[PDB]
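Following: one structure in structure tokens, then a few remarks.
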Amino acid sequence: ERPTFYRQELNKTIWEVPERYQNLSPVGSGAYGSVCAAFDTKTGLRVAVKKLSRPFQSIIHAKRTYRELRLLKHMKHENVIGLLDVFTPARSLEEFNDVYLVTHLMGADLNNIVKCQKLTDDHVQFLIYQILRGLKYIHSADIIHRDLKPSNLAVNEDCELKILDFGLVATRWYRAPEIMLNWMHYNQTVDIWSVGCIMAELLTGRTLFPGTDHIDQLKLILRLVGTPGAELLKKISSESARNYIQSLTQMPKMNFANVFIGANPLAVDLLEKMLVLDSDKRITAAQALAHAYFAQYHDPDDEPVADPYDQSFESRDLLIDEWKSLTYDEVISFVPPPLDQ
Ligand SMILES: O=c1c(Br)c(OCc2ccccc2)ccn1Cc1ccccc1
Ligand SMILES: Fc1ccc(-c2c[nH]nc2-c2ccnc(F)c2)cc1
């Protein structure tokens, strides 16, 4: 049966939510919606409530809305953001024009933490372990995140971490070189690249590759990791890309031990493995969890994999009303997870 809703305006946005959620307080905005912190009276915990902006504005928005709901309904892992609740104030499909999502409030991200801070090795171990543990799960569902950066890593006062969906500086800074090149057959290790860039920054206090644009970004990456060797060169189909790359002044892969000088040598070894230029040679999330850098955290029996995830809708070309109806179906069928201390 339907709960009682109440309406309010927060920052020129209307929020209509069940009375169970109290003390809404805006925390930010992330392209596809706005977020408020709230108090969940049913559990006594603080939650983040996201209101999707214009969910059915176009086929793109409608499919994006469906995609996010499907993804968040599927993610059930300690280090990945999932759903406590999904609701709409709409009492019918024709009424349906707003989607709210709720998750447990972590309360900060790594954008907030990195800033004015170099971290000790022990905290970097724990943070990056958690990221990799979440990534192992995501990758096992044959999902690629594609946009991992500090703002997409939500962290609580205990330094427990969950991977966000979408977060609240430059995104290109964390992006794999093959994506800057525009390769359409990139793999899951694009996310491993991002984690390498994030880990590097946590250890040093500086952006590993602060490119001003995609070209600058590629150039900074190749200065650290070297211009492509022959094995990699042969895998590049594009004539313009290969002409460009091979016309650059050719560069050796740097010794990372020299670059990340003060760092724990196990940290440098993992970084070398994460940031190999040829993506076919980069370490996987599962492999990284078994690396000696994480010896004090790694438990192979507590690093679970995801249930099968149906991404077939991704190929489909549907009407806005069809995406809308499917999303509505997904809201109605939502089963919350159980309360457990
Ligand atoms: O801890 C979170 C969570 Br938790 C978020 O969740 C967004 C969300 C909400 C509902 C569904 C899916 C995602 C977003 C940012 N942050 C970090 C953050 C929270 C409050 C202030 C600053 C940073
Ligand atoms: F300057 C470069 C050259 C190659 C890469 C690269 C890294 N991993 N995979 C690739 C790749 C494979 C096949 N085709 C591509 F276009 C790219 C990245 C930057």
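Note that the numbering runs from 1 along the sequence shown for the chain. Reckoned from all heavy atoms, side chains included, excluding hydrogens, waters and symmetry mates.
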- Taking everything shown except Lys235 itself, do over 12 heavy atoms lie less than 6.0 Å from its NZ? yes
- Task: Would you confirm whether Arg175, through its side chain, and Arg146, through its main-chain N or O, come within 3.5 Å as a donor-acceptor pair?
- Result: yes
- Message: Checking the side chain of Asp158 only, and the main-chain atoms of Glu160 only, is there a donor and an acceptor separated by less than 3.5 Å?
- Response: no
- Message: According to a hydrophobic-cluster definition based on side-chain heavy atoms being under 4.5 Å apart (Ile, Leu, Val, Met, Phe, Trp, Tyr only), do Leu289 and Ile128 belong together?
- Response: yes
- Task: Ignoring hydrogens and angles, tell me if any N or O in the side chain of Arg242 forms a donor-acceptor pair with the backbone of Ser237 under 3.5 Å.
- Result: yes
- Query: Hey, are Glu16 and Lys51 close enough for a salt bridge, meaning a charged N less than 4.0 Å from a carboxylate O?
  - Reply: no
- Going from CG on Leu232 to CG on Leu277, what distance comes out if it is rounded to the nearest 0.5 angstrom? 5.0 Å
- Task: Rounded to the nearest 0.5 Å, what's the gap from CG on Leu101 to CD on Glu68? Could you check?
- Result: 5.5 Å
- Message: Distance check, rounded to the nearest 0.5 Å: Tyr100 atom OH versus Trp15 atom CH2?
- Response: 6.5 Å
- Task: Kindly indicate, with the supporting measurements, whether the criterion salt bridge (charged side-chain N to carboxylate O under 4.0 Å, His left out) is fulfilled by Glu178 and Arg282.
- Result: CA-CA 13 Å; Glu178 62 270 30; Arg282 292 179 206 152; 2.7 Å; yes
- Message: A side-chain contact here means heavy atoms from C-beta on lying under 4.5 Å apart; do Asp269 and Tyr293 qualify?
- Response: no
- Message: Would the distance check show the side chain of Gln311 and the main-chain N or O of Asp142 forming a donor-acceptor pair, the cut-off being under 3.5 Å?
- Response: yes
- Item | Minimum heavy-atom distance between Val27 and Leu168, given as atom pair plus value | O-CD1, 4.0 Å
- Query: What heavy-atom pair brings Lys219 and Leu248 nearest, and what distance separates the two atoms?
  - Reply: CE-CD2, 4.1 Å
- Above 12 or not: heavy atoms from other molecules or residues under 6.0 Å from CG of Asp317? no
- Message: Test your reading of the model: is there a side-chain donor-acceptor pair from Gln188 to the backbone of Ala285, 3.5 Å cut-off?
- Response: no
- Message: Strictly below 4.0 Å, N to O, side chains only: are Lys42 and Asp85 in salt-bridge contact?
- Response: no
- Query: Would you say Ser140's side chain and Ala306's backbone share a donor-acceptor pair under 3.5 angstrom?
  - Reply: yes
- Query: Would one find more than 12 heavy atoms of other residues, nucleotides or ligands at under 6.0 Å from atom CZ of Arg206?
  - Reply: no
- Is a donor on one side and an acceptor on the other found under 3.5 Å between the side chain of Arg46 and the backbone of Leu105? no
- Going by atom types alone, do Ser333 and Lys73 pair a side-chain donor with an acceptor below 3.5 Å? yes
- With hydrophobic residues grouped by side-chain heavy-atom distances under 4.5 Å, do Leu132 and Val114 end up in a single group? yes
- Task: Taking the side chain as every heavy atom from C-beta outward, state whether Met75 and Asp165 have any pair of such atoms under 4.5 Å apart.
- Result: no
- Task: Check whether any side-chain heavy atom of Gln125 sits under 4.5 Å from a side-chain heavy atom of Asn264, and report yes or no.
- Result: yes
- Between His185 and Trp183, how do the two ring planes meet: parallel, tilted or perpendicular, split at 30° and 60°? perpendicular
- Message: Assess the residue pair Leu318 and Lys63 against the criterion (side chain to side chain contact (heavy atoms under 4.5 Å, CB included)); give the C-alpha distance rounded to whole Å, side-chain angles, the decisive distance to 0.1 Å, and a yes or no.
- Response: CA-CA 9 Å; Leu318 265 23; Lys63 189 172 175 169; over 6 Å; no
- Message: Please check: side-chain N/O of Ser325 versus main-chain N/O of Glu322, any donor-acceptor pairing under 3.5 Å?
- Response: no
- Message: Show the nearest heavy-atom pair for residues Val268 and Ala257, with the distance to one decimal.
- Response: CG1-N, 3.7 Å
- Message: With no hydrogens and no angle check, just 3.5 Å: does a side-chain donor-acceptor pair link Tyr186 and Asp191?
- Response: no
- Looking only at heavy atoms, the pair that brings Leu275 and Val225 closest together is O-CG1, 3.5 Å
- Query: Can you list the residues that meet the ring-ring contact (aromatic ring centres under 6.0 Å, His included) rule with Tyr32, with sequence neighbours excluded?
  - Reply: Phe166
- Hydrophobic cluster identity match, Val47 and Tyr6, side-chain contacts under 4.5 Å: yes
- Query: For the side chain of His74 and the backbone of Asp307, is there at least one donor-acceptor N/O pair under 3.5 Å apart?
  - Reply: yes
- Taking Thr189 for its side chain and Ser279 for its backbone only, find out whether a donor-acceptor pair lies under 3.5 Å. yes
- Which residue pairs pass the ring-ring contact (aromatic ring centres under 6.0 Å, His included) test when at least one of the two sits in residues 118-144, sequence neighbours left out? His77-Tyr137, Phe126-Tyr297, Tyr129-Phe294, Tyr129-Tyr297
- Task: Output all residues satisfying salt bridge (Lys or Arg N to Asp or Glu O under 4.0 Å) with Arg133, sequence neighbours left out; order by chain, then residue number.
- Result: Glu78, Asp302
- Assess whether atom CG of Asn11 is packed by more than 12 heavy atoms of other residues, nucleotides or ligands within 6.0 Å. no
- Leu52 and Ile332: same hydrophobic cluster, using ILVMFWY side-chain contacts below 4.5 Å? yes
